[PDB]
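Trainee: Dropping in my_file_25.pdb, with PDB, C-alpha atoms.
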ATOM      1  CA  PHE A 458    -127.411  -6.425  97.151  1.00  0.00           C
ATOM      2  CA  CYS A 459    -123.619  -6.524  96.955  1.00  0.00           C
ATOM      3  CA  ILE A 460    -123.045  -8.295 100.266  1.00  0.00           C
ATOM      4  CA  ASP A 461    -125.474 -11.033  99.229  1.00  0.00           C
ATOM      5  CA  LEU A 462    -123.612 -11.365  95.929  1.00  0.00           C
ATOM      6  CA  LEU A 463    -120.260 -11.369  97.737  1.00  0.00           C
ATOM      7  CA  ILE A 464    -121.393 -14.206 100.008  1.00  0.00           C
ATOM      8  CA  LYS A 465    -122.315 -16.120  96.851  1.00  0.00           C
ATOM      9  CA  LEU A 466    -118.977 -15.365  95.183  1.00  0.00           C
ATOM     10  CA  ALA A 467    -117.054 -16.481  98.267  1.00  0.00           C
ATOM     11  CA  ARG A 468    -118.985 -19.744  98.547  1.00  0.00           C
ATOM     12  CA  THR A 469    -118.558 -20.797  94.918  1.00  0.00           C
ATOM     13  CA  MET A 470    -114.949 -19.630  94.612  1.00  0.00           C
ATOM     14  CA  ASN A 471    -114.005 -20.910  98.095  1.00  0.00           C
ATOM     15  CA  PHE A 472    -112.335 -17.900  99.659  1.00  0.00           C
ATOM     16  CA  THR A 473    -112.782 -16.117 102.969  1.00  0.00           C
ATOM     17  CA  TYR A 474    -113.181 -12.370 103.198  1.00  0.00           C
ATOM     18  CA  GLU A 475    -112.812  -9.344 105.457  1.00  0.00           C
ATOM     19  CA  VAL A 476    -115.074  -6.429 104.532  1.00  0.00           C
ATOM     20  CA  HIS A 477    -114.206  -2.862 105.475  1.00  0.00           C
ATOM     21  CA  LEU A 478    -115.739   0.426 104.420  1.00  0.00           C
ATOM     22  CA  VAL A 479    -113.582   2.842 102.457  1.00  0.00           C
ATOM     23  CA  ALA A 480    -111.974   5.404 104.747  1.00  0.00           C
ATOM     24  CA  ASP A 481    -112.221   8.227 102.208  1.00  0.00           C
ATOM     25  CA  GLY A 482    -115.925   7.685 101.593  1.00  0.00           C
ATOM     26  CA  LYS A 483    -115.363   8.189  97.860  1.00  0.00           C
ATOM     27  CA  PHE A 484    -115.700   5.855  94.907  1.00  0.00           C
ATOM     28  CA  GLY A 485    -112.361   6.926  93.460  1.00  0.00           C
ATOM     29  CA  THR A 486    -110.827   9.367  90.982  1.00  0.00           C
ATOM     30  CA  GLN A 487    -107.311  10.164  89.812  1.00  0.00           C
ATOM     31  CA  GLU A 488    -106.088  13.287  91.611  1.00  0.00           C
ATOM     32  CA  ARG A 489    -102.764  15.002  90.983  1.00  0.00           C
ATOM     33  CA  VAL A 490    -102.540  16.606  94.462  1.00  0.00           C
ATOM     34  CA  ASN A 491     -99.197  17.955  93.119  1.00  0.00           C
ATOM     35  CA  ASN A 492     -97.537  17.412  96.508  1.00  0.00           C
ATOM     36  CA  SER A 493     -95.632  14.520  94.901  1.00  0.00           C
ATOM     37  CA  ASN A 494     -96.012  15.925  91.345  1.00  0.00           C
ATOM     38  CA  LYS A 495     -97.745  12.679  90.336  1.00  0.00           C
ATOM     39  CA  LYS A 496    -101.340  11.500  90.049  1.00  0.00           C
ATOM     40  CA  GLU A 497    -102.708   9.081  92.644  1.00  0.00           C
ATOM     41  CA  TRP A 498    -106.032   7.302  93.063  1.00  0.00           C
ATOM     42  CA  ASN A 499    -108.320   8.034  95.995  1.00  0.00           C
ATOM     43  CA  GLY A 500    -111.419   6.294  97.290  1.00  0.00           C
ATOM     44  CA  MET A 501    -111.885   2.571  96.834  1.00  0.00           C
ATOM     45  CA  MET A 502    -109.747   2.654  93.685  1.00  0.00           C
ATOM     46  CA  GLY A 503    -106.754   3.837  95.689  1.00  0.00           C
ATOM     47  CA  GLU A 504    -107.257   1.207  98.379  1.00  0.00           C
ATOM     48  CA  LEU A 505    -107.278  -1.580  95.800  1.00  0.00           C
ATOM     49  CA  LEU A 506    -104.091  -0.470  94.041  1.00  0.00           C
TER      50      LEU A 506
ATOM     51  CA  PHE B 144     -77.230  26.823  97.331  1.00  0.00           C
ATOM     52  CA  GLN B 145     -77.636  29.020  94.277  1.00  0.00           C
ATOM     53  CA  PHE B 146     -79.517  32.111  93.122  1.00  0.00           C
ATOM     54  CA  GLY B 147     -80.778  30.350  90.035  1.00  0.00           C
ATOM     55  CA  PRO B 148     -84.101  29.529  88.415  1.00  0.00           C
ATOM     56  CA  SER B 149     -85.189  25.934  88.139  1.00  0.00           C
ATOM     57  CA  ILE B 150     -86.012  24.265  84.843  1.00  0.00           C
ATOM     58  CA  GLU B 151     -89.548  23.573  86.064  1.00  0.00           C
ATOM     59  CA  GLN B 152     -90.313  27.080  87.305  1.00  0.00           C
ATOM     60  CA  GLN B 153     -88.820  28.610  84.163  1.00  0.00           C
ATOM     61  CA  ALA B 154     -91.364  26.542  82.236  1.00  0.00           C
ATOM     62  CA  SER B 155     -94.057  27.772  84.631  1.00  0.00           C
ATOM     63  CA  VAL B 156     -93.239  31.384  83.739  1.00  0.00           C
ATOM     64  CA  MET B 157     -93.332  30.392  80.066  1.00  0.00           C
ATOM     65  CA  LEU B 158     -96.961  29.338  80.435  1.00  0.00           C
ATOM     66  CA  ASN B 159     -97.761  32.450  82.480  1.00  0.00           C
ATOM     67  CA  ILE B 160     -96.776  34.786  79.631  1.00  0.00           C
ATOM     68  CA  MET B 161     -98.692  32.529  77.251  1.00  0.00           C
ATOM     69  CA  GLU B 162    -101.813  32.832  79.407  1.00  0.00           C
ATOM     70  CA  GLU B 163    -101.748  36.634  79.611  1.00  0.00           C
ATOM     71  CA  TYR B 164    -101.470  37.072  75.831  1.00  0.00           C
ATOM     72  CA  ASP B 165    -103.732  34.075  75.108  1.00  0.00           C
ATOM     73  CA  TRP B 166    -101.129  31.862  73.436  1.00  0.00           C
ATOM     74  CA  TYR B 167    -102.656  28.405  73.824  1.00  0.00           C
ATOM     75  CA  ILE B 168    -101.107  26.711  70.766  1.00  0.00           C
ATOM     76  CA  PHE B 169     -98.124  24.607  71.808  1.00  0.00           C
ATOM     77  CA  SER B 170     -94.981  23.116  70.314  1.00  0.00           C
ATOM     78  CA  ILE B 171     -92.153  21.642  72.400  1.00  0.00           C
ATOM     79  CA  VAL B 172     -88.732  21.372  70.757  1.00  0.00           C
ATOM     80  CA  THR B 173     -85.977  19.853  72.882  1.00  0.00           C
ATOM     81  CA  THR B 174     -82.642  18.086  72.506  1.00  0.00           C
ATOM     82  CA  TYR B 175     -80.583  15.587  74.514  1.00  0.00           C
ATOM     83  CA  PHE B 176     -79.535  18.290  76.979  1.00  0.00           C
ATOM     84  CA  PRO B 177     -79.871  16.469  80.319  1.00  0.00           C
ATOM     85  CA  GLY B 178     -82.834  18.634  81.329  1.00  0.00           C
ATOM     86  CA  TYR B 179     -85.322  17.642  78.628  1.00  0.00           C
ATOM     87  CA  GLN B 180     -87.080  15.096  80.856  1.00  0.00           C
ATOM     88  CA  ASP B 181     -87.986  17.727  83.446  1.00  0.00           C
ATOM     89  CA  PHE B 182     -88.774  20.558  81.025  1.00  0.00           C
ATOM     90  CA  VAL B 183     -91.509  18.832  79.031  1.00  0.00           C
ATOM     91  CA  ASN B 184     -92.899  16.880  81.998  1.00  0.00           C
ATOM     92  CA  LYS B 185     -93.663  20.088  83.895  1.00  0.00           C
ATOM     93  CA  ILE B 186     -95.266  21.621  80.805  1.00  0.00           C
ATOM     94  CA  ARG B 187     -97.342  18.491  80.152  1.00  0.00           C
ATOM     95  CA  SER B 188     -98.525  18.383  83.769  1.00  0.00           C
ATOM     96  CA  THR B 189    -100.017  21.887  83.814  1.00  0.00           C
ATOM     97  CA  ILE B 190    -101.913  21.398  80.533  1.00  0.00           C
ATOM     98  CA  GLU B 191    -104.121  18.671  82.015  1.00  0.00           C
ATOM     99  CA  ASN B 192    -104.968  20.531  85.249  1.00  0.00           C
ATOM    100  CA  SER B 193    -106.942  23.595  84.154  1.00  0.00           C
ATOM    101  CA  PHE B 194    -110.169  24.692  82.483  1.00  0.00           C
TER     102      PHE B 194
END
Could you express the structure from this file as structure tokens?
Mentor:
Amino acid sequence: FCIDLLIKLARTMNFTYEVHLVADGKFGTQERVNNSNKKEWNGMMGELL
Amino acid sequence: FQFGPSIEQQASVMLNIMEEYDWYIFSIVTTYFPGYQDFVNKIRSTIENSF
């Protein structure tokens, strides 16, 4: 569904794309981890930011 | 190096004694002493990370 919609979005908006699966395998949540004492996003949300 | 507590871990012990005696009602009062950034930030962080 989403790849067909992405091909449509690319064609109308005239951009090229490179698709890659998220390494984490997660959709994305804010996790403190506490290693850096600060919250960070994982999943696809982290990759975008 | 020093044999001294940190501001953060002193705040951690503050919450530990609150947990044992079930003191969950908070109030932070601080001044412009150069450690107020770190004192309340550590306390705020632990509040959001527990059930």
Trainee: Pull out every residue of chain B sitting within 9 Å of chain A, counting all atoms listed in the file, and send them as a VMD selection string.
Mentor: chain B and resid 185 188 192
Trainee: Using Å and a single decimal, report how far CA of residue 487 (chain A) sits from CA of residue 149 (chain B).
Mentor: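 Spanning CA of residue 149 (chain B) to CA of residue 487 (chain A) is a straight-line distance of 27.2 Å.
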Trainee: Mind checking which residues fall within 10 Å of residue 503 (chain A), counting all atoms listed in the file, ignoring those fewer than 4 positions away in the same chain, and posting them as a ChimeraX atom specification?
Mentor: /A:479,481,483-487,497-499
Trainee: Please indicate the distance in Å from CA of residue 148 (chain B) to CA of residue 168 (chain B), rounded to one decimal place.
Mentor: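 Computed distance, CA of residue 148 (chain B) to CA of residue 168 (chain B), equals 24.7 Å.
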Trainee: Applied to the shown file, which residues does the PyMOL selection byres ((chain B and resi 171-181) around 12) return, written as an MDAnalysis selection string?
Mentor: (chainID A and resid 494) or (chainID B and resid 149:155 157 168:170 182:188)
Trainee: Provide the CA of residue 459 (chain A) to CA of residue 480 (chain A) distance in Å, to one decimal place.
Mentor: 18.4 Å
